[PDB]
Each structure stands twice: as C-alpha cells, then as structure tokens.
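Asker: Residue numbers (the authors' numbering), protein chains in the order written: chain G, 168 to 207; chain H, 168 to 207; chain E, 168 to 207; chain F, 168 to 207; chain C, 1 to 155; chain A, 1 to 155; chain B, 1 to 155; chain D, 1 to 155.
All C-beta atoms, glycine included, are put in the ideal place defined by N, C-alpha and C.
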Amino acid sequence: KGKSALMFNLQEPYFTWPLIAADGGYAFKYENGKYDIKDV
Amino acid sequence: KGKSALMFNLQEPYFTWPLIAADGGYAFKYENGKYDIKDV
Amino acid sequence: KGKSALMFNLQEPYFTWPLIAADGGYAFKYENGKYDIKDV
Amino acid sequence: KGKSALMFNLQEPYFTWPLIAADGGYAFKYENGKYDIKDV
Amino acid sequence: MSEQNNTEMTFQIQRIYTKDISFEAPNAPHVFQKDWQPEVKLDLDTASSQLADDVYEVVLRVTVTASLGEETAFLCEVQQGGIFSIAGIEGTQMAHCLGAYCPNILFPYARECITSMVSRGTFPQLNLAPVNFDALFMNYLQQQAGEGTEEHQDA
Amino acid sequence: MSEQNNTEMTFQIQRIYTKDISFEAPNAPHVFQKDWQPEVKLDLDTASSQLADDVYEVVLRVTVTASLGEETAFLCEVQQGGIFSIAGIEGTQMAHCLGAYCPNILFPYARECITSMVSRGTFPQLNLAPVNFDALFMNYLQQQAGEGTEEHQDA
Amino acid sequence: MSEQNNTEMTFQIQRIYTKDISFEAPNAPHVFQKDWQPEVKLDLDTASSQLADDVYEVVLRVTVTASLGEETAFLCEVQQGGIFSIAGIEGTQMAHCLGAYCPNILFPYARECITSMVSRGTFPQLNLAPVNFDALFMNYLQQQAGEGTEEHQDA
Amino acid sequence: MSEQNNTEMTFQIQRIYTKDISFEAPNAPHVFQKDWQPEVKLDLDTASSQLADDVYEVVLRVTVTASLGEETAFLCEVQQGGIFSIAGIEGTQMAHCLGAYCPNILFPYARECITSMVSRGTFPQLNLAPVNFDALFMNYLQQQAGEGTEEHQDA
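1. Kindly indicate which residue of B:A95, B:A28, B:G69 and B:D53 has the alpha-carbon position closest to the one of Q4 (chain B).
2. With a threshold of 7 Å on Cβ separation, who are the neighbours of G91 (chain D) within its own chain once the five nearest residues in sequence on each side are excluded?
3. Taking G192 (chain H) as the query, report the chain D residues whose CB atoms sit under 9 Å from its CB, ordered along the chain.
4. Whose Cβ in chain B lies nearer than 9 Å to the Cβ of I187 (chain E)?
5. Cβ of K201 (chain G) less than 8 Å from any chain A Cβ?
6. Take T7 (chain D) and list the residues in its own chain whose beta-carbon comes closer than 7 Å to its own, dropping the five residues that flank it on each side.
7. CA-CA distance, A135 (chain B) and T46 (chain B)?
8. Identify every residue that forms a DSSP beta bridge with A66 (chain C).
9. Can you give the beta carbon distance from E71 (chain A) to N139 (chain A), rounded, assuming they're within the 8 Å contact cut?
10. Out of C:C113, C:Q153, C:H152 and C:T122, which has the shortest C-alpha to C-alpha gap to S22 (chain D)?
11. When the cut-off is 8 Å and only beta carbons count, does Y140 (chain B) lie next to chain F?
12. Name, in chain order, the residues that DSSP records as bridge partners for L60 (chain D).
13. Report the neighbours of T115 (chain B) on chain C: residues whose CB is nearer than 7 Å to its CB, in chain order.
14. Please classify residue 185 (chain B): does DSSP put it in a helix, a strand, or coil?
15. Within 8 Å of any Cβ in chain B, is that where the Cβ of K196 (chain G) sits?
16. Which complete alpha helix (DSSP H) runs does the region 90-152 of chain D hold, if anything under 4 residues is left out?
17. Given a limit of 9 Å on CB to CB distance, which residues of the region 5-30 of chain D reach chain C?
18. Measure the CB-CB distance between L51 (chain B) and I83 (chain B) and report whether it falls below 8 Å.
19. Might you give, ordered along the chain, the residues of its own chain that have their beta carbon closer than 6 Å to the beta carbon of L106 (chain D), omitting 5 neighbours on each side?
20. Which two residues bound the contiguous beta strand (DSSP E) that contains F11 (chain B)?
21. Just checking my contact of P130 (chain B) with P124 (chain C) at CB under 8 Å: how many whole Å lie between their CB atoms?
22. Would you mind giving the Cβ-Cβ distance between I204 (chain G) and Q14 (chain B), rounded to the nearest angstrom? I have them listed as a contact below 8 Å.
23. Determine the DSSP secondary structure at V31 (chain C), reduced to helix, strand or coil.
24. Applying the criterion that 16 or more other CB atoms from any shown protein chain within 10 Å of the CB defines a buried residue, is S116 (chain D) buried or exposed?
25. Go ahead and pull the three-state DSSP assignment for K168 (chain F).
26. State the DSSP-derived secondary structure class of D190 (chain E), mapped to helix, strand or coil.
27. Within 8 Å of any Cβ in chain C, is that where the Cβ of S49 (chain D) sits?
28. From the DSSP output, in three-state form, read off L173 (chain E) for me.
29. So, for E24 (chain D): in the same chain, excluding its five sequence neighbours on each side, which residues have a beta-carbon less than 8 Å away from its beta-carbon?
30. Is it buried or exposed, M9 (chain C), if we count other Cβ atoms within 10 angstroms and call 16 or more buried?
31. Whole angstroms are fine: how far does the CA of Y193 (chain F) sit from the CA of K196 (chain E)?
32. Is it buried or exposed, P185 (chain F), if we count other Cβ atoms within 10 angstroms and call 16 or more buried?
33. Compare the C-beta of residue 159 (chain B) against all C-beta atoms of chain F and say whether one is closer than 8 Å.
34. Contact criterion: CB-CB distance below 8 Å. Does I83 (chain A) meet it with respect to chain B?
35. Would you mind telling me which residues of chain C sit closer than 9 Å to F107 (chain D), beta carbon to beta carbon, in chain order?
36. On a CA-only basis, which of C:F133, C:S48 and C:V40 is nearest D206 (chain F)? Give me that one, please.
So, in structure tokens, the structure goes:
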C-alpha cells in the first residue's frame, strides 16, 4: 500500500541491503611519464 | 602591421608563441572490471 | 524517435516532462556597479 | 654550507589583497519568479 | 488485478561523461546594458546509439535557453552521454528505465556542466529545480493498477 | 476495483538541493608517493526532519572513501537533501519507501556531486552503481507486474 | 633566503588539484521560507606548505559566508592546492609570485568550484571577479617603458 | 566601470567571461577502451573589439585538438573575452601589453575552462604550464625602435 513515505521511525530492520562491493580492475597506476618540467 | 600609439584594427595577429604542449605520460584506464550490483 | 536497441519504442508511456520556465524579474544591477573590479 | 635556492615561511603575502564585499541585485519570488520551486 | 510480466531487469552503470559542451553568448560585451528577465528553461532531448550487444550509450542533450524578448541573454547546451549495460528490461519498466531514469542519471551532470558554462559567461547561474517526471506519472495514471505492493514482511 | 479515486496518499517533491558537500584529501600531495590502487568504500546513511505539517525532509548522507591500503587518497561526503510533502502512508511499506525509494530520488544528484568533486581533485571518475533494492523488494511482494495505463496526458 | 631582487628566477607547475571542499547550508530548507537573495560575501586565506627543496605546495583557500535576512543561508569554502616549483625568486620577487601569480592560477578553479557548490544548494551566481595586482605592482615599484622613439609600421 | 581619457597610465580589469565554449568527444567510449595519453595540439590566437574610448574587449582563443593513436580523442576551444580599461600606452609597449599581457590574464581562465570540460569528459586534467611569454619578449622591446619619449632621462 501507499505511494510515498515521510517521518523516519526505524521500527524494524526489514530485509537485507549489503550495498555494492566496490572492487574493480585497477586504473592508471601513475606510470613514470613526463610533461617536460620547466617554464622559463 | 600598421598601427598607432592609441588602439589598432585586427588586420592580423603577431604576438603568437608556440605553447609547451603535452608529452607521452599516462593517466588513462578509468576502471575495466566494473563491479556488479547483484542481479536486480 | 525509432530505436537504437534490440527493443526501444517510447511513445505511449513516454509523456512530456516539464522543461521549467523561471522569470528573471526585471532590470539587472547596471548603473554604478558594485560587483566589478575598480581600484587602480 | 646549505643547498637549495631560497625558500620561505610565508613572509607577508603580497602588498595586501583587497576584494569586493557582495552585489548582484538578485531575488526569488515563489510566485512564478526565479531560484525557487513553486511545486512540480 | 495483477498481470505478471516477470520482468527481471539487470541495470549496471559503466561510465558517465560529457560528449558535447557549448556556450553561446553572441551579445557577450553588449550584456552590460541588457534587461534581467529571461525565460531560463532546460530542454531534455533523448538520443541513443548501439555500441555493442546489451551495451547502449544514452546521450541526453540538455539545453538551457535564456531570452529577454528580441535581446538574447545566453544559450548553453551539454549532451551528457552515459554508457549503461542493461538486459532483462521489459514491459513498462524498460520505458520507465531508459526513458526517464537513465536520462535522470545524466540530468545532474549535464545541469551542473551548464551551470558551469553560465558562471563562466558571468550570468546568474544555478542548478535549476529538478523536473520530477516520475512523481507526476505515478500520481497521474488512470486505474489503481492493482494490489502488487500488498505484503507485510518476515525478517 | 470500482474505487478509482485517490486517497490521502500522494508522492510530492517540494525541493531537491545539497545541504552539505565535503571533499577531503589531507594526503592529496602525498598520494603521488603512493601507488594508485584504490579500495573504494560506500557508507550509506539518511536522516529525516519536519519542516511543517505533512512537509518533511529526507537528507541522504553518501560517503565515498578511496583508500590505498592503509593510506587515504580522498574522501567525499555529500548530504543531498530533498523536501517531500506527502501523507496517508504507514506499515512496512513506508519503511521501504523512506529507506530506499525517497533517497533513490536524491541518489543521481548525490552521485554526481561527489563524481565532480573527485575529478576536480584531478582523480578519475567514480560511478557508484545504483542498488535496485526496490525490484528485490517487489519480487517478495508479487514478483513483478507492469500494466501501464495512459490517461492523464500533461499538466 | 636572499633579499636584493636581481636573479634569473624559474617557475613550473607539477600538479593543480582541489584538496578540500565545503558547502554547508544549515538553514538550506529555510530558503523556501526566505523570499530574497542571500548576502554572499567572500574571504581569501593563504595556506602553504613545503613538500621538498624548491618544491612548494600553495593552497588557495577561498571561504564564503551567506545569510538570508537575520539568519545564515549557507557557508562555503574551497581549498585549491597546487604544487609549484619556485627558485631564483627572492624578497619582493617571491612575495609577488606566491602572493599574486600562484593565487591567480588556482583562483579560476576555486571560483568555479564554489559557484558550483553554491548552485547545487539551488542558490544563484557568485564567482569572485579577477584583479590585476601585477598592473598595480609595475607602477608601485615604477618600471616605466623603453624610453627612445616610437615605430608606426606600414602594412 | 567609469574611466575617462583625462588620466595618465591606467589598467583596470572590468569583467572576464567566456563568449564561446566548445567541447566535442567523437570516439568518446572508443577512447575509454583506448588507454594511452591524448597528445593535445594547443593553438594560440587573440582578438580585440573597441567598446569605448580607452575601453576594449581582448578575446583569447585557446584551441585544443587531442588525438590518440591515428584517431581523434576529443576537440575543445574557449574564446575567453575580457574587458580592460587601458591608457598611457604607446609603441611596442601598447602592442606588447595588448598581444601578450592581456591574453596572459585571460589564460588561467581559458586553461581552467578547458581543464574542467576535460575532467567532465572524464579525461586527464589538462593544465598548460604557466610560461611568461610576456617577460620573454619584454627584453626585446627596449632593444629596438618602439615606445617614444627620448632616453637619457636620468642624473
């Protein structure tokens, strides 16, 4: 029933929500590059 | 080329220096083994 | 319009969402100026 | 004795840095005005 | 009172980003003596492109126009593309997902990128009030749909 | 179901906005010394507040942590607050909505706010996957049924 | 640390990045009770640190206070850090770089970041307008021009 | 703001804004699958337009053409226009301050506008190293014909 919710009222821990296991397959691990370090 | 002490007309550029540019570094690979939610 | 998937239509349950329209009142603060940079 | 160029402990940041206080002449109006939200 | 479609739906986000950005202020010097009363309105335009099987790029063009009559205030447009790996989507739930929800995932990014461009053009930027299409639709409908949301719980 | 008339139940958003934004990178100059292998945490939290009669506020606390082993790279906590003026609801179904559905409205805008903070700190985009707990909950209620019925065109 | 002001000098960027963000809107819902602009007022603050020999890290902190009538609207603050390689500069030369040049590099990024966070809480534009302190400096210590005879050029 | 010709050397910075912005990502998700460093072509160009006596807008075109392998990575351009109250100017000093110093002010703001669009396209931060091209040419002015008022003005 219903179409909405207000208030808070944590009466009972309904169900389980373990979220997303935020673990992937790496990224740019820096790697010693260069941009040419000196202006003037 | 032709101009006065006060102002000018933009007939052409003149003050144009070659900028330093980027070089072969590395800062790519923004995930690849993206974690799933569950099934839903 | 059409489809760019194996399944995609979006005509009947695809209603027009509001695109908003906020009126900017009338006349901006331009006369003396108190937000610009004058000092020199 | 001693290497490196000069270095500092932040001795007097410039000959003062003055700025403007606030201006723009903005307003809201929930009655079909701006920066508001007159209920979707 | 409940026609089961048994739609599974597996939604996974891959990557979000601006494909295209632009800011047009033709009257940019002239704005110093203009009128402050524009129709600041955002335009959600929906396109897509197949990258692979079950991998589809949704490109939502948001366009914020600002006009004072004959004098234009500014124009800004950000075509926010989003890679989404989806499968199992069916019934009304597919049209509710890639025809409202997935563009709404792209909506804040595009909206903020426009708010960026307007700030850069020294105009009164803001992140405009969220156009809650979902709330209106679920409120509207016609029929009570059915008694699908009827169950207590266990633990 | 001859009762085709709405009761005191209605879902209505009055305003979505960030009440707090916090990006911390105390080891930001120190990160260059460390290798980029980020272990990402998501700490999910919410709060409610009564602004008026039937007028409530649900604030979403998303916390986004990037830890390089025992060395923090950055942190991103955004309180994406949303006013909802609703009534007529109770039981276990209200817990489903304020616990999942109402912060889900706020979650695209929270995600974006963080993602932009991350990229402004010159770090790579982080796309937080949305958890479709709503569908998981409906599987228990009645599996899935999506009978669409158009009538209310536009307003 | 030399004090004479007559050396070749040298500058270089290693990295620009946001270290800290704050947008704290305590009376964020009360913006719906307050029908008028918040008084949004700037603050500049100078925080820096040394990473290594000739390798500094200058943090530009712009703090922002805003208030609706007799009440606070929001309170924002950004810390745009930047690793700058400085050598040769001394006394007035170095006070000119760390106190005008390095700020004016980080300053567009601090501006764009604040004015974004402000608008995320559905508030209007406030980006800090740029000041040519260098133009004041050249007259303050009297640099003059290349005294001789002017050219016309003909083309 | 308010400046008349009845004055000696003057330099006020009235207003800095973006007139034109563009960002394009043609092979945008293809480039995600192509993990290398985008080689960017930075094209320097300048413009001017008189707004009043001793008042003009100098526009800085910073064009960016990024490529990966044998294909395009992304395109970008920002025409950062800025209003400057200039006077007490003549010869190679006038030409230099117009063609070098005025774009040098606009350059942190042009650079940042691009840096943001690159990070919004979820590509690596593009910050052009701050090269004082003004000071480089500045030495050549007082070693040629240019700037009137005869030398030997000293004891």
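Answerer: The answer reads as follows:
1. B:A95
2. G146, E147 and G148
3. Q37 and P124
4. Those within 9 Å of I187 (chain E) in chain B number zero; the least Cβ separation is about 12 Å.
5. no
6. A87
7. 21 Å
8. C:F74
9. No, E71 (chain A) and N139 (chain A) are not in contact; Cβ-Cβ is about 41 Å, not under 8 Å.
10. C:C113
11. yes
12. D:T46 and D:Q80
13. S119 and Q125
14. Only positions 1 to 155 of chain B appear in the structure, and residue 185 (chain B) is not among them; the question remains open.
15. no
16. 91-96, 102-120 and 133-141
17. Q14, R15, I16, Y17, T18, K19, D20, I21, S22, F23, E24, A25, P26, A28, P29 and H30
18. yes
19. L60, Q80 and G82
20. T10 to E24
21. About 19 Å; that fails the 8 Å criterion.
22. 7 Å
23. helix
24. buried
25. coil
26. strand
27. yes
28. coil
29. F74, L75 and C76
30. buried
31. 9 Å
32. exposed
33. No statement about residue 159 (chain B) is possible, as the shown extent of chain B runs from 1 to 155 and does not include it.
34. yes
35. Result: empty, since nearest Cβ-Cβ is about 14 Å, beyond 9 Å.
36. C:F133
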